[PDB]
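**Q** 3D, please:
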Amino acid sequence: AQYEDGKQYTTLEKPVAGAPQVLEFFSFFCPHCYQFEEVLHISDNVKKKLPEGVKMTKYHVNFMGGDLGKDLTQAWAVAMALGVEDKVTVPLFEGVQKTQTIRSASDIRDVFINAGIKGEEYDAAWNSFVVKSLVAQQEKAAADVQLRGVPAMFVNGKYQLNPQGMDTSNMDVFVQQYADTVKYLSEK
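**A** Residues are numbered from 1 along each chain as shown. And now the structure:
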């Protein structure tokens, strides 16, 4: 057929109960994730095609970058709690990988301050248990899909996107296939 298990996607041996409908994993340290987000715009292209009543969820991962990697997962939790993901995603990627001016937790915070988030507001969120549980949720989700690498995307806790089974040709043909595959999986 057009969409095939083992080609555009794979099927988790162990489906995840109560998982987000569309779950993306990434790291601000991840060069392919930079490409995915800032050049290919995978998230946005996927969202433009998602059915009504389907939400996209995006989690950060710890295993790249040591202590700064975990700081970034905690800051991503802050971004989720404050609902400012679309203000900090680009300057966090560029700060980590382009300018490489993000080297400490304070440098991360600066990105939020510069983006208009009040210091008191960031710090309260940073130290909150709501953010601790969001960090735990992201870690839990990684365990549940038995995550081995980023970027990655899972649909309805049952299917894993398999970009190596898609075409690499035109980045755009690739992006369209990826987005088309997510939509197909969402309706499966």
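**Q** am I right that residue 59 falls within a strand?
**A** Yes - according to DSSP: H, G, I helix; E, B strand; the rest coil, residue 59 belongs to a strand.
**Q** for this structure, which segments count as strands?
**A** If you assign secondary structure with DSSP state E, the strands in the chain sit at 9-11, 22-26, 56-60, 152-155, 159-161.
**Q** looking at the ones you listed, which is buried most?
**A** strand 152-155 (a mean of 24; mean count of other Cβ atoms under 10 Å). Every residue, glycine included, has its C-beta placed from N, CA and C.
**Q** same for it, what does it pack against?
**A** Using 3 or more Cβ pairs under 8 Å, 6 or more residues apart in numbering; DSSP states H and E as the contact criterion, the secondary-structure elements in contact with strand 152-155 are strand 22-26, strand 159-161, helix 171-186.
**Q** need the contact partners of it.
**A** Contacts of strand 152-155 with the rest of the structure, by Cβ atoms under 8 Å, 6 or more residues apart in numbering, involve 9, 12, 16, 19, 21-25, 42, 46, 145, 160-161, 182, 185-186, 188.
**Q** dump the helices and strands packed on strand 152-155 into JSON lines; add distance to residue 132 as well.
**A** As requested, those are exported to JSON lines (distance: least, Cβ to Cβ, whole Å):
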{"stretch": "strand 22-26", "distance to residue 132": "19"}
{"stretch": "strand 159-161", "distance to residue 132": "28"}
{"stretch": "helix 171-186", "distance to residue 132": "30"}
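**Q** of all the ones you listed, which lies closest to residue 123?
**A** strand 22-26 (24.7 Å; Cβ to Cβ).
**Q** centre of the chain to that closest one, how far?
**A** Between the centre of strand 22-26 and the centre of its host chain there is 4 Å, according to Cα atoms, centre = their mean, to the nearest Å.
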